[PDB]
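Taken one at a time, structure 1 and structure 2 that follow are two forms of one protein chain, written as structure tokens.
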Structure 1
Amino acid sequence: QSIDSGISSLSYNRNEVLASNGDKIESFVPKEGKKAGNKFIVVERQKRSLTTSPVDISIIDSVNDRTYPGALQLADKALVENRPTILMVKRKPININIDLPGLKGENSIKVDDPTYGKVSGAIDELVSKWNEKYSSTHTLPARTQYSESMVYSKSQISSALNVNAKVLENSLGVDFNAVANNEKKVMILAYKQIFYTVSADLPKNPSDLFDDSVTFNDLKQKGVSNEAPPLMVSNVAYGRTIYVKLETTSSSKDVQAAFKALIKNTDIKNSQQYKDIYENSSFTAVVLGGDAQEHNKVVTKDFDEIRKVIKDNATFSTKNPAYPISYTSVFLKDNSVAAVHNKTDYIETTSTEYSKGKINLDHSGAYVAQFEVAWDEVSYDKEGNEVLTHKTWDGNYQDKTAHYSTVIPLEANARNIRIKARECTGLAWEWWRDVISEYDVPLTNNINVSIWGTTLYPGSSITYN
């Protein structure tokens, strides 16, 4: 019935207690062939799956949030949903420590009655203790931590960068739908900038945390259970985060490469393919976790502007308030670090545009000729398998003379286009001399076929547009 006793006997799989699971698929279309106005679009999916297991937990609203080092919460789904349940009970003092530079042997402080406000003031002290020892400068470099990834889905990206999906959706304004319908290509970068961090020395036994007036039944009452094991916030990073979004409408498979080239500023950044992509991309940057609020957003077609934002935020002032960016918790029982577990599937995709064209035949040869034009019309069933529907031209196997012109329109889904023209030397078609034989002609907007010359010296040509 006691704190150490009740806790020391909790049955739970620490590697499953905290889990944020999402979407798992099996019923997906490997291939989608559809028309879109005058175009013919071809989507080609490929189920992909990611599995994250972070130990460092993100904090959403620094003002609404009062999490601190030493705090107590339950390892439940609320926590997983970025809104943990804090256990408020009269407790024992605890030692806290900041990692600002040049402060060894002076960085620790003891907080008698840990509470958000109580601990904060301690930290405040520590910082001032620093600002005192070091009066010349009050600004230091932030410790940035870079992360990057393409956006395929909410749960995907959310776990990839270990950030709450809503946050991006709100601040970066991510159009998860267009993304889904493959109408947009998006990449997100995250610059975690830590100024300093604070830890709370781990206790030998749970009891060391709580006062004596406290009993396990209280804890088991507040919510402590096998479904809500108790834990303590061991570390808290203070600083801010810069989120950068790289979006485009281009469907090229080079986008990613292009984005990276732009970000890193590599020499291959001028690949004309990239330049066009860049010309069709939009970049967004924002800085959260601070007290800046919404007033620091930037949308440009000029990345140099995004580069500045990052550069300008490479420092933090020891004379300004620093808010919680993230934290790592620890199970009371074994003092092991907690780690929210996430597993989810998603679908990488690609969509190739097509557009109808036509065959332009032109006969100006001093002989009689017969054409043979055929092609296939691609289709895709429910299982995403190819389905070729053969098509042929009317004017096939029909004589044609001095200057015959005609246009043969083709659907955007025309494949294996074959254009043949034979002269009339001797018996039947299947016995004549060839003026032109082309196979698998690339469906373009204009396939200009044309024969000419004499019976002995025929001539032909095919151009494109």
Structure 2
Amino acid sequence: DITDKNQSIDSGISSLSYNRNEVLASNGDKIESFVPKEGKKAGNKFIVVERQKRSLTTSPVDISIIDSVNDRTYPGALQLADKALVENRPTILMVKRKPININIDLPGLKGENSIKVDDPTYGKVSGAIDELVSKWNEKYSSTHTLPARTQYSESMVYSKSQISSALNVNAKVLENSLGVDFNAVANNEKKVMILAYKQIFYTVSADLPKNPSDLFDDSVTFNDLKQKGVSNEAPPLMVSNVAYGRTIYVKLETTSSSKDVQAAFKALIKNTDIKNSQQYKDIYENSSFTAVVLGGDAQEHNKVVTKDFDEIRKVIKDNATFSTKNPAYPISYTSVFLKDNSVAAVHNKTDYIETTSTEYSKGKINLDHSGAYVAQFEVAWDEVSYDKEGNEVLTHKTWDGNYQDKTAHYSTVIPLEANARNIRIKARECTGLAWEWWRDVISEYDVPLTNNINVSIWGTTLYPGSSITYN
């Protein structure tokens, strides 16, 4: 009973100012610059990046607990709604607890899947569930293993702050357990795709209280709570739900930049007969598949890393079976504002860059003048580069051998850089007054920058011959 006159328990709370749609918000990073496009030389290739702005906004209900085989949050715990909570390290409230009812979502129990907890508390709650669980085993004695509810999530990685909203997990976690090299994808060197195999066995639901005062014991006056920490910035919450099980986390990382990564990757995953593409096969060489299992009942720090995805597969699947006997650890939960008893949701909002790319393979041109006459060639193309605006800039370049007699069997190669475009070859036979007045023995326009563009002419002044193969 404070002099502030907000003495009644149900009064303090119900009369507590705040905005649910904020008190639990995680306004991400605030980026404001980059460059719409960029090419880059790295080995016998030409990299083309593109920088688009993206804004992934999400409002989660399903919050992931940090210390999987460890930290303990449960149906009843009362946690203030502050930033600590968001970082999976929520402050906690401990006052005298009046009885409550638990209920597990386990199958074939609708009607008898509910116990009471005379003294809401971890050990208490846990044990209860324990007894609850077993009781099931009893009703289902010829079954020791039942499938687990798998929830799939998946996405490439552009930022901690990005993958962190997409998959809905503390970014730190991934950065340690899966070991992410952000700055490598941030520079489009590495391309990462993370897998989210949330294994579910069941949950536990704490029956909603008609009123707050129905939780704390009468001896608990709202003012002790205003004291425990509550405020317009600490609206207490009750864990309305907890889901138990684990989570398989695969990481598909690579060094390529061939636009067909997410492609190859997905093809690989879904294991579609397209994954036998020679191109894919190459993108696969430069890729490492790491898969770990968090949550519980699984040798901590365990981990896999195979170039053969088949190995990642056995992992996942062999983690579907959910033993009813062995302990199931907490991995997800959903609290509720006492006051309005509405579901408490987090506000992840952030802008990030969407890297996009393609790779170009170098090539050279070989000329074969096994001709019974004299000829001059004219090879010209454009080298591409990108300005600060992300615009193409066509630098026109020509072979210094252009406009020059070449006799019975000549030989030369013309090294073209992987950023070569508008490639046109053209051999003109020298029967006439001058260049623009000779007959064309070959003239291919916009030739493709193949491994090798070989132009070979042959023939008689009168009866010329020519061809051009590609690799």
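Numbers follow structure 1, counted from its first residue as 1. Note that the rigid core is defined as the largest set of C-alphas that superpose within 1.5 Å between two forms.
Engineer: If one rigid part turns against another between the two structures, which of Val407, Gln293, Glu81, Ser27 falls at the hinge?
Structural biologist: For the motion described, the hinge option is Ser27.
Engineer: Rounded to the nearest whole degree, what rotation separates the positions of the smaller rigid part between the two structures?
Structural biologist: Smaller part versus larger part, rotated 10 degrees.
Engineer: Once you lay the two forms on top of each other by their rigid core, how far has the C-alpha of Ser271 moved between the two structures, in Å?
Structural biologist: The alpha-carbon displacement, core-superposed, is 2.4 Å.
Engineer: Once both forms are fitted on the core, what is the Cα shift for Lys253 between the two structures in Å?
Structural biologist: Between its two positions, the C-alpha of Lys253 lies 1.0 Å apart after core fitting.
Engineer: In Å, how large is the C-alpha displacement of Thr389 between the two structures after the rigid core is aligned?
Structural biologist: C-alpha displacement of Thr389 between the two structures: 7.6 Å.
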